[PDB]
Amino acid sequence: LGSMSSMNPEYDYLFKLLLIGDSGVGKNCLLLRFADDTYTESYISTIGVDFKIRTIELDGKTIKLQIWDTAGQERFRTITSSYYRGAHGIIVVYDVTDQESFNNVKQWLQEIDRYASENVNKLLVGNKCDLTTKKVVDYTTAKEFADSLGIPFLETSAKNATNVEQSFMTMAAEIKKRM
């Protein structure tokens, strides 16, 4: 609550981010690696949304992030449109080992156009980049696609942490630019 001897941390910005993309691509693992620095190989289905909090320092400012993971099965997705309310940035995730998840990126972009604010920021993430022998989605194809939309693109691994912090830092930098 705050005394002179134990003060709660303040923040200069509070951004709401949503993770979307096919079930199984690693949205929850990205969330947990970034927010808690944990990882498990064991899959657990979602029955609804989740959020985590993490505060970062960027450009001399303190940014609190509330990061929401969306649900997977249609029966658990009734009020998806409500989670976009107040969202500053959407991170669209595919799985570099799964061509279908990449092809579906266009459907996820449609959901953003349908539900998000007009000024929302976007980032494309190709996850599971540690699975080198199982990769099927070509970097240059994905980079060209992101470039055609004017959005940033990173390949990540929630398992090894590759580019996980960078992804969120990049999204926060893009949002801050328009504040």
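Residue numbers run from 1 along the displayed sequence.
Asker: What stretch has the higher average Cα B-factor here, 112-120 or 131-139?
Answerer: Averaging CA B-factors over each stretch, the winner is 131-139.
Asker: Report the stretch with the higher mean CA temperature factor, choosing between 37-45 and 61-69 on the basis of the entry.
Answerer: That would be 37-45.
Asker: Within this chain, which third does the Cα B-factor at residue 166 fall in: lowest, middle or highest?
Answerer: Ranked within chain, residue 166 CA B lands in the highest tercile.
Asker: Among the chain's modelled residues, which third holds the C-alpha B-factor of residue 155?
Answerer: It falls in the middle third of the chain.
Asker: What third of the chain, by the recorded C-alpha B-factor, contains residue 175?
Answerer: Residue 175: CA B-factor falls in the lowest third of its chain.
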